[PDB]
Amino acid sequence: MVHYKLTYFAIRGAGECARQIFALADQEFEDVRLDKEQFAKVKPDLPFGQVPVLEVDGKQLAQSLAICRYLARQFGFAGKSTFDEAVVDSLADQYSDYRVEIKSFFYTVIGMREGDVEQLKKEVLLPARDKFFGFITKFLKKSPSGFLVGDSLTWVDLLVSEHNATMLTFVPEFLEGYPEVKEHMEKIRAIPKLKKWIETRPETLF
C-alpha cells in the first residue's frame, strides 16, 4: 500500500499528467489542490519552490515530467523497452520546448498577463503549433496502433491529447488542418478509465 500525494493548483495544468496516470492504474491518491495563498505557505518546503510535487510514502519529487515519467514507469505506461521509454521522453521534451514557445500567448489568453491575443495567436502560437504538429504527425503516420510510440499507451499520449483538448476551449480552430492529431486526441481520451476520469474530475478552465 504505497501512499501517493499530489500537490498542485486547482487546475489540470502540469499536475494533470500524474492525475491521469493514477486513473489508468486504478490507483488511489491524495489529490491536493492549493490556491495562491496556500501555495505561498508551502512554497519554501518544496524542492524547487514549485508545484506540482508528488510524495510517495513521504518522499518528495518535483517537476511534472519527472513525476509523470516516474508514475508511468511504476504502472507500465512508460514504454515497453528502455529505448521506447527514451523516445517517449524525447516527445515529452519536444512538447516542453513547444510550451516555452507559446508561453506569453498561453499566459495572456488565460488572463495572467498583458497582451493582444490576436497578435500572439498570429505570430507566436502559430508557427509554433505547425512546427510541433509537423513532428507529432510524423510519429503518428508510422504508428499503426494510433499511439505516439509503440503499440500501447504511454504518458506522452496523455500530455499531447490533454493539451490539445484544452487549447480547443481557447482556440476552436486548433487542429483544423491536422486530422491525425485529432484522431489521436479522441483515441486516448476515449480509453475507459481515462474517459471516466475526464467526466468525474473537478471541472476547471485549464
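Note that residue numbering begins at 1 and tracks the sequence as displayed.
Remark: stretch with higher mean C-alpha B factor among 104 to 112 and 69 to 77 is 104 to 112. Taking the PDB entry as given, 127 to 135 carries the higher mean Cα B factor of the two stretches 127 to 135 and 91 to 99. Per the PDB entry, 142 shows the highest C-alpha temperature factor of the residues 163, 59, 43, 142. Across the residues 176, 30, 26, 157, the deposited record lists the maximum Cα B factor for 176. For residue 180, the recorded CA B-factor ranks within the highest third of the chain. Only modelled residues enter the ranking. When the CA B factors of the chain's modelled residues are split into thirds, the value for residue 51 lands in the lowest one. In the PDB entry, a CA B factor belonging to the lowest third of its chain's modelled residues is recorded for residue 63. Looking at the C-alpha B-factors along this chain, the one for residue 204 belongs to the highest third.
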